[PDB]
Amino acid sequence: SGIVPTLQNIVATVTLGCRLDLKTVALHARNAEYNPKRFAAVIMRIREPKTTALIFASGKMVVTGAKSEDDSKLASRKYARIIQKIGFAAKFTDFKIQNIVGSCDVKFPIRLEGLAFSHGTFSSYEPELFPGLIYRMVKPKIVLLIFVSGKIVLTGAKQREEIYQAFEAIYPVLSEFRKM
Amino acid sequence: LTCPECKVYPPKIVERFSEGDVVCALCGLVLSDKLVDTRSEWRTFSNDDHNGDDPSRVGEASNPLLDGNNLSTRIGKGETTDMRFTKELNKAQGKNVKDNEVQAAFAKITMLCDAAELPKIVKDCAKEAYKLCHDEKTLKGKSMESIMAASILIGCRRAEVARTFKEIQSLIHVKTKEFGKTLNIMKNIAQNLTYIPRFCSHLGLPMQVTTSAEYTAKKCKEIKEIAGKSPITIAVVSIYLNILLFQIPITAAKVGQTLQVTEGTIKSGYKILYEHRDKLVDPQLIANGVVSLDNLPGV
Amino acid sequence: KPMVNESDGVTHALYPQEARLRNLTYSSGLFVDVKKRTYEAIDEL
RNA sequence: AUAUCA
Ligand SMILES: [Mg+2]
Ligand SMILES: [Zn+2]
C-alpha cells in the first residue's frame, strides 16, 4: 500500500440568518452571476481560496470547490463578509460540511466484472452505461467509483476519516482483482 | 406414505400405475388402491375443446403466479341470444369495475415484445417484474413508460435473450438516464458475442466472417486490448478486422451503420486491436482475396 | 422466400425439412409499402 | 375436435 487518498472537493452549507435581495447582491459583488430564469441563486466566486458559492434569498448559502476543510470554512467566512459589506445583517452561522470527495491511484488494472460478481450486493456495473463500477460500502457508508485503470473515486463522506477508512477497506479487494 | 409393517427410513415404494395401486416394494403391501390419471385429469382443464362439445372438458387452467386468483367469466353471445341482454349485462359489469384495469399494462408489455420480436418466456418475466415493482415506494414516481421499459430488460436478462438497452431505447422510449436509474431500484428488489449474429446478418457476411469476428472480439476482451470501450464498439471493430481479412469486406461506414456506431469510434477500437491481429484471428482462418494480416488496414 | 427468426436475432432461409424437424412454420414475410400524408386548413383547402 | 373401426 502506501497510498492515501487526495481530497478533491468539499461542499458546505452556511446560514446567513437574514433575507437577501439577490439583484442587489449580484450587482454589488465583484464576481457574481444571477439569471433568475435559469437558477434561483446568485453564483458568487472568490479567488482565494478558489471556490464558488450559491447564495439564496432565504439567506442560506452553499459553498463548493474547496480542496480542504480549512479552505471551506475560510472561503465561507469570506463570502459572509462580502454579504455584510454589501449591507445586510448577515451572520456566519451553522457552518457544516455535507460532502467530501477523494481520489487515488492503486497503480494496477482491475477486473471489474470479477469484482462485481464477487461483491454483487454492494456493486453495480453496467460498462455500456458508465465505465466504472459503483461500490456502495456499508461501514463506513461511502460510495466508490472503481475504474479498470486503477483510478478510484470515494464520495458521500461527512468526515475525512471516512474517505481514509473506505480506501483501507477496499484496497485488499482491489488487490484480489488485479490484472498485473 | 410409509409401509406400516416394515418402516425403513428410505421408504422404497413404487407406483404401479397400470394396476392402479401404490405398493411397498419390500413387503408388497398395497398402501393405496384409489389412483388417478393426472395426464387425462389435466386434459379436463387444458384441452383442445374450444367449440364446447366435450363433456370431459369441465374446467379451465389459470395462472396463480401472474394474475393471482381472479376467477371471472365473460358475458358473451351464445347460439340463442338477443343482442340486447348482452349489452345490458355488460353495461352492468361497468359499474362494478382501477388496479384491476392496470393489468392492461400487460397488454403494453405483450405488444412491445411482439414489436421487439421477443419470446413467450420473456413476456412472462417482464409481466412478473412489472407486477412486483409498479406499486413500490422505492420507485415512487418514476416515468411510468420507462419502468415497464426497464422490466423488459429484466426479463431478457434471465431468459438469456440478448437485448441491449439501446435496443429498448428504440422501442420505447426511453430517456436513457431515467430508465437507467429505474433499472437499478428494481434490480435491488451484453457482450461482444451478443450482437455478432444480427450485425453480421444485416452486413450480409458469411458464417466464416461471423465466427472470426466473434473469436477476435472475445480475444480482444480476453487480451484486454480495449480498456473500457463499449462492447458494441468492440464488436463493430472486430467485425471490421475479420471482414477485411476475408473476401467480402464491409466498410467502417457500413459496419458502423449496422452496429449503430460511428466510424470514428470503430476506428478507435480497431486500431487498438490491430496490433495483436495475429493473436486475435481464429487459427484456421483463411484470409482471402488480398487481405492477409500484414495487409489489413491497420487504420 | 420462406425464412426463420431464430432466438439469437439472426434471420436466414428455412427449408421444408428443417421445418418438420424443429417444428417450425414454413412461412415467408409479408411486406407492404406504407405512406403517411398530412393536411391542414384554417377555421376547406 | 377431426379421422377411423365393425
Ligand atoms: Mg364384421
Ligand atoms: Zn412394506
# chains A, B, ... in the order shown; residues from 1 in each chain; ligands from 1
>>> select_by_dssp(residues="range 211-243 of chain B", states="helix (DSSP H, G or I)", output="VMD selection string")
chain B and resid 211 to 223 231 to 243
>>> write_last_selection(atoms="N, CA, C and O atoms", output="CSV table (one decimal), in the first residue's frame")
chain,number,residue,atom,x,y,z
B,211,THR,N,-17.9,-15.9,-37.4
B,211,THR,CA,-17.2,-16.7,-36.4
B,211,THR,C,-15.9,-16.1,-36.0
B,211,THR,O,-15.6,-16.1,-34.9
B,212,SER,N,-15.1,-15.6,-37.0
B,212,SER,CA,-13.8,-15.0,-36.7
B,212,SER,C,-14.0,-13.7,-36.0
B,212,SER,O,-13.2,-13.4,-35.1
B,213,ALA,N,-15.0,-12.9,-36.4
B,213,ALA,CA,-15.2,-11.6,-35.7
B,213,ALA,C,-15.5,-12.0,-34.3
B,213,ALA,O,-14.9,-11.4,-33.4
B,214,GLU,N,-16.3,-13.0,-34.1
B,214,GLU,CA,-16.7,-13.4,-32.8
B,214,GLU,C,-15.5,-13.9,-32.0
B,214,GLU,O,-15.5,-13.7,-30.8
B,215,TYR,N,-14.6,-14.6,-32.6
B,215,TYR,CA,-13.4,-15.0,-31.9
B,215,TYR,C,-12.5,-13.9,-31.6
B,215,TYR,O,-11.8,-13.9,-30.6
B,216,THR,N,-12.3,-12.9,-32.5
B,216,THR,CA,-11.5,-11.8,-32.3
B,216,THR,C,-12.0,-11.0,-31.2
B,216,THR,O,-11.2,-10.7,-30.2
B,217,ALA,N,-13.3,-10.7,-31.2
B,217,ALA,CA,-13.8,-9.8,-30.2
B,217,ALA,C,-13.6,-10.4,-28.8
B,217,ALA,O,-13.2,-9.7,-27.9
B,218,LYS,N,-13.8,-11.7,-28.6
B,218,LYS,CA,-13.6,-12.3,-27.4
B,218,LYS,C,-12.2,-12.2,-26.9
B,218,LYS,O,-11.9,-11.9,-25.8
B,219,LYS,N,-11.2,-12.5,-27.9
B,219,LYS,CA,-9.8,-12.4,-27.6
B,219,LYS,C,-9.5,-11.0,-27.2
B,219,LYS,O,-8.6,-10.8,-26.4
B,220,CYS,N,-10.1,-10.0,-27.9
B,220,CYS,CA,-9.8,-8.7,-27.6
B,220,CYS,C,-10.1,-8.4,-26.2
B,220,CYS,O,-9.3,-7.8,-25.5
B,221,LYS,N,-11.2,-8.9,-25.7
B,221,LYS,CA,-11.5,-8.6,-24.3
B,221,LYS,C,-10.6,-9.5,-23.5
B,221,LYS,O,-10.1,-9.0,-22.4
B,222,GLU,N,-10.4,-10.7,-23.8
B,222,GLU,CA,-9.6,-11.6,-23.0
B,222,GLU,C,-8.2,-10.9,-22.9
B,222,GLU,O,-7.7,-10.9,-21.8
B,223,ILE,N,-7.7,-10.4,-24.0
B,223,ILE,CA,-6.4,-9.7,-24.1
B,223,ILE,C,-6.5,-8.4,-23.3
B,223,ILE,O,-5.5,-7.9,-22.9
B,231,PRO,N,-18.9,-2.5,-25.6
B,231,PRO,CA,-18.9,-3.8,-26.3
B,231,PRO,C,-19.3,-3.6,-27.7
B,231,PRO,O,-18.9,-4.4,-28.6
B,232,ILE,N,-20.3,-2.7,-27.9
B,232,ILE,CA,-20.8,-2.6,-29.3
B,232,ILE,C,-19.7,-2.1,-30.1
B,232,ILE,O,-19.5,-2.6,-31.3
B,233,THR,N,-18.9,-1.2,-29.6
B,233,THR,CA,-17.8,-0.7,-30.5
B,233,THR,C,-16.8,-1.8,-30.7
B,233,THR,O,-16.3,-2.0,-31.8
B,234,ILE,N,-16.5,-2.6,-29.7
B,234,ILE,CA,-15.5,-3.6,-29.8
B,234,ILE,C,-16.0,-4.5,-30.9
B,234,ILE,O,-15.3,-4.8,-31.8
B,235,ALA,N,-17.3,-4.9,-30.8
B,235,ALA,CA,-17.8,-5.9,-31.8
B,235,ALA,C,-17.7,-5.3,-33.2
B,235,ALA,O,-17.2,-6.0,-34.1
B,236,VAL,N,-18.1,-4.0,-33.4
B,236,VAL,CA,-18.1,-3.5,-34.7
B,236,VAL,C,-16.6,-3.4,-35.1
B,236,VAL,O,-16.4,-3.6,-36.3
B,237,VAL,N,-15.7,-3.2,-34.2
B,237,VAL,CA,-14.3,-3.1,-34.7
B,237,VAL,C,-13.9,-4.5,-35.2
B,237,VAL,O,-13.3,-4.6,-36.2
B,238,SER,N,-14.2,-5.5,-34.4
B,238,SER,CA,-13.7,-6.9,-34.7
B,238,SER,C,-14.3,-7.3,-36.0
B,238,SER,O,-13.7,-8.1,-36.7
B,239,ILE,N,-15.6,-6.9,-36.3
B,239,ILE,CA,-16.2,-7.3,-37.5
B,239,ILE,C,-15.5,-6.7,-38.6
B,239,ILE,O,-15.4,-7.3,-39.7
B,240,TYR,N,-14.9,-5.5,-38.4
B,240,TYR,CA,-14.1,-4.8,-39.4
B,240,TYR,C,-12.9,-5.6,-39.7
B,240,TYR,O,-12.5,-5.8,-40.9
B,241,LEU,N,-12.2,-6.1,-38.6
B,241,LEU,CA,-10.9,-6.8,-38.8
B,241,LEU,C,-11.2,-8.0,-39.6
B,241,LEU,O,-10.6,-8.3,-40.6
B,242,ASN,N,-12.2,-8.9,-39.1
B,242,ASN,CA,-12.4,-10.1,-39.7
B,242,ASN,C,-12.8,-10.0,-41.2
B,242,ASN,O,-12.2,-10.5,-42.1
B,243,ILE,N,-13.8,-9.1,-41.4
B,243,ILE,CA,-14.3,-8.9,-42.7
B,243,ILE,C,-13.3,-8.5,-43.7
B,243,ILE,O,-13.1,-9.0,-44.8
>>> residues_around(residues="residue 153 in chain A", least_positions_apart="4", cutoff="10 Å", atoms="only C-alpha atoms (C1' of nucleotides)", output="PDB file with N, CA, C and O atoms, in the first residue's frame")
ATOM      1  N   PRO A   5      -5.689   8.555  -0.017  1.00  0.00           N
ATOM      2  CA  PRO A   5      -6.496   9.359  -0.950  1.00  0.00           C
ATOM      3  C   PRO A   5      -6.310  10.885  -0.870  1.00  0.00           C
ATOM      4  O   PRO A   5      -6.099  11.428   0.208  1.00  0.00           O
ATOM      5  N   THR A   6      -6.412  11.566  -2.008  1.00  0.00           N
ATOM      6  CA  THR A   6      -6.289  13.014  -2.051  1.00  0.00           C
ATOM      7  C   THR A   6      -7.691  13.628  -2.061  1.00  0.00           C
ATOM      8  O   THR A   6      -8.550  13.192  -2.824  1.00  0.00           O
ATOM      9  N   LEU A   7      -7.932  14.646  -1.237  1.00  0.00           N
ATOM     10  CA  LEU A   7      -9.246  15.275  -1.234  1.00  0.00           C
ATOM     11  C   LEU A   7      -9.333  16.172  -2.481  1.00  0.00           C
ATOM     12  O   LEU A   7      -8.355  16.814  -2.865  1.00  0.00           O
ATOM     13  N   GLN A   8     -10.486  16.133  -3.153  1.00  0.00           N
ATOM     14  CA  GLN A   8     -10.694  16.872  -4.400  1.00  0.00           C
ATOM     15  C   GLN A   8     -11.762  17.941  -4.386  1.00  0.00           C
ATOM     16  O   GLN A   8     -11.685  18.864  -5.189  1.00  0.00           O
ATOM     17  N   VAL A 101     -15.216  14.601  -1.334  1.00  0.00           N
ATOM     18  CA  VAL A 101     -14.846  13.753  -2.446  1.00  0.00           C
ATOM     19  C   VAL A 101     -13.320  13.521  -2.406  1.00  0.00           C
ATOM     20  O   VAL A 101     -12.546  14.459  -2.179  1.00  0.00           O
ATOM     21  N   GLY A 102     -12.886  12.280  -2.627  1.00  0.00           N
ATOM     22  CA  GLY A 102     -11.468  11.992  -2.628  1.00  0.00           C
ATOM     23  C   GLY A 102     -11.123  11.079  -3.787  1.00  0.00           C
ATOM     24  O   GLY A 102     -12.007  10.485  -4.386  1.00  0.00           O
ATOM     25  N   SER A 103      -9.851  11.004  -4.147  1.00  0.00           N
ATOM     26  CA  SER A 103      -9.443  10.106  -5.221  1.00  0.00           C
ATOM     27  C   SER A 103      -7.991   9.663  -5.071  1.00  0.00           C
ATOM     28  O   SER A 103      -7.204  10.293  -4.358  1.00  0.00           O
ATOM     29  N   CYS A 104      -7.678   8.522  -5.682  1.00  0.00           N
ATOM     30  CA  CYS A 104      -6.327   7.991  -5.687  1.00  0.00           C
ATOM     31  C   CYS A 104      -6.091   6.998  -6.831  1.00  0.00           C
ATOM     32  O   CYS A 104      -7.015   6.696  -7.622  1.00  0.00           O
ATOM     33  N   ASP A 105      -4.863   6.479  -6.891  1.00  0.00           N
ATOM     34  CA  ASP A 105      -4.450   5.565  -7.939  1.00  0.00           C
ATOM     35  C   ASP A 105      -3.742   4.382  -7.309  1.00  0.00           C
ATOM     36  O   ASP A 105      -2.734   4.575  -6.640  1.00  0.00           O
ATOM     37  N   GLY A 132     -17.328   2.832 -15.018  1.00  0.00           N
ATOM     38  CA  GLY A 132     -16.850   2.498 -13.684  1.00  0.00           C
ATOM     39  C   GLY A 132     -17.818   1.676 -12.870  1.00  0.00           C
ATOM     40  O   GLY A 132     -19.013   1.676 -13.135  1.00  0.00           O
ATOM     41  N   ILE A 134     -19.781   0.962  -9.455  1.00  0.00           N
ATOM     42  CA  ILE A 134     -20.271   1.739  -8.324  1.00  0.00           C
ATOM     43  C   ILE A 134     -20.397   0.808  -7.132  1.00  0.00           C
ATOM     44  O   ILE A 134     -21.203  -0.118  -7.132  1.00  0.00           O
ATOM     45  N   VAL A 143     -19.578   5.801  -1.103  1.00  0.00           N
ATOM     46  CA  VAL A 143     -19.750   5.300  -2.465  1.00  0.00           C
ATOM     47  C   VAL A 143     -18.415   5.437  -3.195  1.00  0.00           C
ATOM     48  O   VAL A 143     -17.805   6.510  -3.179  1.00  0.00           O
ATOM     49  N   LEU A 144     -17.955   4.342  -3.799  1.00  0.00           N
ATOM     50  CA  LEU A 144     -16.704   4.353  -4.549  1.00  0.00           C
ATOM     51  C   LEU A 144     -16.945   4.054  -6.027  1.00  0.00           C
ATOM     52  O   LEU A 144     -17.794   3.228  -6.369  1.00  0.00           O
ATOM     53  N   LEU A 145     -16.250   4.782  -6.897  1.00  0.00           N
ATOM     54  CA  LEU A 145     -16.334   4.560  -8.342  1.00  0.00           C
ATOM     55  C   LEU A 145     -14.989   3.899  -8.661  1.00  0.00           C
ATOM     56  O   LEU A 145     -13.930   4.488  -8.452  1.00  0.00           O
ATOM     57  N   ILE A 146     -15.030   2.668  -9.135  1.00  0.00           N
ATOM     58  CA  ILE A 146     -13.815   1.921  -9.427  1.00  0.00           C
ATOM     59  C   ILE A 146     -13.623   1.719 -10.938  1.00  0.00           C
ATOM     60  O   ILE A 146     -14.526   1.241 -11.639  1.00  0.00           O
ATOM     61  N   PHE A 147     -12.445   2.092 -11.426  1.00  0.00           N
ATOM     62  CA  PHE A 147     -12.166   2.002 -12.841  1.00  0.00           C
ATOM     63  C   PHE A 147     -11.090   0.973 -13.211  1.00  0.00           C
ATOM     64  O   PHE A 147     -10.159   0.731 -12.434  1.00  0.00           O
ATOM     65  N   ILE A 163     -13.285   8.750   4.305  1.00  0.00           N
ATOM     66  CA  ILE A 163     -12.635   8.571   2.998  1.00  0.00           C
ATOM     67  C   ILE A 163     -11.458   7.610   3.215  1.00  0.00           C
ATOM     68  O   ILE A 163     -11.278   6.621   2.491  1.00  0.00           O
ATOM     69  N   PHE A 167     -11.083   3.479   1.784  1.00  0.00           N
ATOM     70  CA  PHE A 167      -9.979   3.044   0.937  1.00  0.00           C
ATOM     71  C   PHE A 167      -9.226   1.876   1.588  1.00  0.00           C
ATOM     72  O   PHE A 167      -8.943   0.870   0.927  1.00  0.00           O
TER      73      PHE A 167
END
>>> interface_residues(of="chain B", to="chain D", cutoff="12 Å", atoms="only C-alpha atoms (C1' of nucleotides)", output="number ranges by chain")
B: 47-54, 57
>>> select_by_dssp(residues="range 39-144 of chain A", states="strand (DSSP E or B)", output="JSON, numbers by chain")
{"A": [42, 43, 44, 45, 46, 51, 52, 53, 54, 55, 60, 61, 62, 63, 64, 65, 66, 93, 94, 95, 96, 97, 98, 99, 100, 101, 102, 103, 104, 105, 110, 123, 124, 133, 134, 135, 136, 143, 144]}
>>> write_last_selection(atoms="N, CA and C atoms", output="tab-separated table (two decimals), in the first residue's frame")
chain	number	residue	atom	x	y	z
A	42	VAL	N	-27.61	33.55	-6.56
A	42	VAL	CA	-26.52	34.32	-7.12
A	42	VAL	C	-25.36	33.34	-7.04
A	43	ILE	N	-24.61	33.26	-8.12
A	43	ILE	CA	-23.46	32.39	-8.17
A	43	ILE	C	-22.31	33.35	-8.01
A	44	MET	N	-21.76	33.39	-6.80
A	44	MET	CA	-20.65	34.26	-6.44
A	44	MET	C	-19.34	33.46	-6.33
A	45	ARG	N	-18.21	34.10	-6.63
A	45	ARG	CA	-16.90	33.45	-6.58
A	45	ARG	C	-15.84	34.33	-5.97
A	46	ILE	N	-14.84	33.70	-5.35
A	46	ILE	CA	-13.71	34.43	-4.76
A	46	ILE	C	-12.44	33.73	-5.24
A	51	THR	N	-13.17	29.13	-4.81
A	51	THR	CA	-14.41	28.44	-4.53
A	51	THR	C	-15.53	29.14	-5.28
A	52	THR	N	-16.74	28.56	-5.16
A	52	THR	CA	-17.96	29.06	-5.77
A	52	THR	C	-19.05	28.93	-4.69
A	53	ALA	N	-19.90	29.95	-4.57
A	53	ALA	CA	-20.99	29.97	-3.60
A	53	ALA	C	-22.31	30.14	-4.32
A	54	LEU	N	-23.34	29.45	-3.82
A	54	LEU	CA	-24.69	29.55	-4.37
A	54	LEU	C	-25.43	30.26	-3.24
A	55	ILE	N	-25.79	31.52	-3.49
A	55	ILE	CA	-26.47	32.37	-2.49
A	55	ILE	C	-27.96	32.57	-2.76
A	60	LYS	N	-29.66	31.40	2.96
A	60	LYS	CA	-28.90	30.16	3.06
A	60	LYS	C	-27.87	30.20	1.93
A	61	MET	N	-26.74	29.55	2.15
A	61	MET	CA	-25.69	29.56	1.17
A	61	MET	C	-25.01	28.21	1.09
A	62	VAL	N	-24.69	27.79	-0.14
A	62	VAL	CA	-23.96	26.53	-0.36
A	62	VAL	C	-22.58	26.95	-0.88
A	63	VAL	N	-21.51	26.44	-0.28
A	63	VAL	CA	-20.15	26.77	-0.72
A	63	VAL	C	-19.46	25.48	-1.23
A	64	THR	N	-18.94	25.51	-2.46
A	64	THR	CA	-18.32	24.32	-3.02
A	64	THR	C	-17.01	24.59	-3.76
A	65	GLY	N	-16.24	23.54	-4.03
A	65	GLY	CA	-14.99	23.72	-4.76
A	65	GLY	C	-13.70	23.71	-3.97
A	66	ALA	N	-13.81	23.75	-2.65
A	66	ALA	CA	-12.64	23.74	-1.80
A	66	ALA	C	-11.96	22.36	-1.78
A	93	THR	N	-23.12	31.57	10.52
A	93	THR	CA	-23.55	30.50	11.40
A	93	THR	C	-23.78	29.17	10.70
A	94	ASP	N	-23.89	28.15	11.54
A	94	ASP	CA	-24.15	26.81	11.11
A	94	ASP	C	-23.28	26.21	10.02
A	95	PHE	N	-22.01	26.58	10.00
A	95	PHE	CA	-21.10	26.01	9.03
A	95	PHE	C	-21.04	24.49	9.21
A	96	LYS	N	-21.33	23.76	8.14
A	96	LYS	CA	-21.32	22.30	8.18
A	96	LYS	C	-20.94	21.72	6.83
A	97	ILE	N	-19.97	20.82	6.83
A	97	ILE	CA	-19.50	20.14	5.63
A	97	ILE	C	-20.51	19.02	5.37
A	98	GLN	N	-21.06	18.98	4.16
A	98	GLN	CA	-22.08	17.99	3.77
A	98	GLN	C	-21.58	16.85	2.90
A	99	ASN	N	-20.51	17.11	2.15
A	99	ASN	CA	-19.93	16.13	1.24
A	99	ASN	C	-18.43	16.39	1.00
A	100	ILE	N	-17.67	15.29	1.03
A	100	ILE	CA	-16.23	15.28	0.76
A	100	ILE	C	-15.97	14.21	-0.32
A	101	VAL	N	-15.22	14.60	-1.33
A	101	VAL	CA	-14.85	13.75	-2.45
A	101	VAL	C	-13.32	13.52	-2.41
A	102	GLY	N	-12.89	12.28	-2.63
A	102	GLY	CA	-11.47	11.99	-2.63
A	102	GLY	C	-11.12	11.08	-3.79
A	103	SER	N	-9.85	11.00	-4.15
A	103	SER	CA	-9.44	10.11	-5.22
A	103	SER	C	-7.99	9.66	-5.07
A	104	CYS	N	-7.68	8.52	-5.68
A	104	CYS	CA	-6.33	7.99	-5.69
A	104	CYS	C	-6.09	7.00	-6.83
A	105	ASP	N	-4.86	6.48	-6.89
A	105	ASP	CA	-4.45	5.57	-7.94
A	105	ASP	C	-3.74	4.38	-7.31
A	110	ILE	N	-7.75	-3.28	-12.81
A	110	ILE	CA	-8.71	-4.06	-12.03
A	110	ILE	C	-9.72	-4.81	-12.90
A	123	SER	N	-22.12	-3.92	-5.33
A	123	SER	CA	-21.71	-3.45	-6.64
A	123	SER	C	-22.78	-3.24	-7.67
A	124	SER	N	-22.48	-2.36	-8.61
A	124	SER	CA	-23.35	-2.05	-9.71
A	124	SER	C	-22.37	-1.75	-10.84
A	133	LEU	N	-17.28	0.93	-11.91
A	133	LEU	CA	-18.09	0.11	-11.02
A	133	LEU	C	-18.50	0.98	-9.82
A	134	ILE	N	-19.78	0.96	-9.45
A	134	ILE	CA	-20.27	1.74	-8.32
A	134	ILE	C	-20.40	0.81	-7.13
A	135	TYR	N	-19.53	1.03	-6.15
A	135	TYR	CA	-19.48	0.22	-4.96
A	135	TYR	C	-20.04	0.97	-3.76
A	136	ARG	N	-21.12	0.45	-3.20
A	136	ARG	CA	-21.79	1.06	-2.05
A	136	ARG	C	-21.41	0.36	-0.74
A	143	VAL	N	-19.58	5.80	-1.10
A	143	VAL	CA	-19.75	5.30	-2.47
A	143	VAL	C	-18.42	5.44	-3.19
A	144	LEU	N	-17.95	4.34	-3.80
A	144	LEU	CA	-16.70	4.35	-4.55
A	144	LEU	C	-16.95	4.05	-6.03
>>> atom_distance(atom1="CA of residue 10 in chain B", atom2="CA of residue 28 in chain B")
15.6 Å
>>> interface_residues(of="chain A", to="chain B", cutoff="12 Å", atoms="only C-alpha atoms", output="list in words")
residues 109, 110, 111, 112, 113, 120, 121, 122, 123, 124, 125, 126, 127, 128, 129, 130, 131, 132, 133, 134, 147, 148, 149, 150, 179 and 180 of chain A
>>> residues_near_ligand(ligand="ligand 2", cutoff="8 Å", atoms="only C-alpha atoms (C1' of nucleotides) and all ligand atoms", output="list in words")
residues 2, 3, 4, 5, 6, 7, 23, 24, 25, 26, 27, 28 and 29 of chain B
>>> write_last_selection(atoms="C-alpha atoms", output="JSON list (two decimals), in the first residue's frame")
[["chain", "number", "residue", "atom", "x", "y", "z"],
["B", 2, "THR", "CA", -44.58, -45.34, 4.52],
["B", 3, "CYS", "CA", -45.31, -49.05, 4.90],
["B", 4, "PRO", "CA", -46.83, -49.69, 8.34],
["B", 5, "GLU", "CA", -45.33, -53.19, 8.51],
["B", 6, "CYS", "CA", -41.68, -52.55, 7.53],
["B", 7, "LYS", "CA", -40.60, -48.95, 8.14],
["B", 23, "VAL", "CA", -47.22, -50.79, -3.32],
["B", 24, "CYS", "CA", -44.44, -51.15, -0.78],
["B", 25, "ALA", "CA", -41.58, -52.58, -2.84],
["B", 26, "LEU", "CA", -40.17, -54.51, 0.12],
["B", 27, "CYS", "CA", -43.09, -56.40, 1.75],
["B", 28, "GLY", "CA", -45.52, -55.95, -1.14],
["B", 29, "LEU", "CA", -48.27, -54.48, 0.99]]
>>> atom_distance(atom1="CA of residue 57 in chain A", atom2="CA of residue 158 in chain A")
26.1 Å
>>> residues_around(residues="range 18-33 of chain C", least_positions_apart="3", cutoff="7 Å", atoms="only C-alpha atoms (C1' of nucleotides)", output="ChimeraX atom specification")
/C:1-3,14-15
>>> write_last_selection(atoms="C-alpha atoms", output="short mmCIF file (atom, residue, chain, number, x, y, z; two decimals), in the first residue's frame")
data_model
loop_
_atom_site.label_atom_id
_atom_site.label_comp_id
_atom_site.auth_asym_id
_atom_site.auth_seq_id
_atom_site.Cartn_x
_atom_site.Cartn_y
_atom_site.Cartn_z
CA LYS C 1 -39.00 -16.58 -49.79
CA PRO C 2 -39.62 -18.56 -46.56
CA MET C 3 -37.43 -17.51 -43.62
CA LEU C 14 -35.65 -22.21 -44.00
CA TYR C 15 -36.14 -25.43 -45.95
#
>>> interface_residues(of="chain B", to="chain C", cutoff="7 Å", atoms="only C-alpha atoms", output="JSON, numbers by chain")
{"B": [197, 198, 201]}
>>> write_last_selection(atoms="C-alpha atoms", output="PDB file, in the first residue's frame")
ATOM      1  CA  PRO B 197     -25.136 -12.613 -35.288  1.00  0.00           C
ATOM      2  CA  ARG B 198     -27.506  -9.760 -36.050  1.00  0.00           C
ATOM      3  CA  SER B 201     -26.671 -10.756 -40.929  1.00  0.00           C
TER       4      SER B 201
END
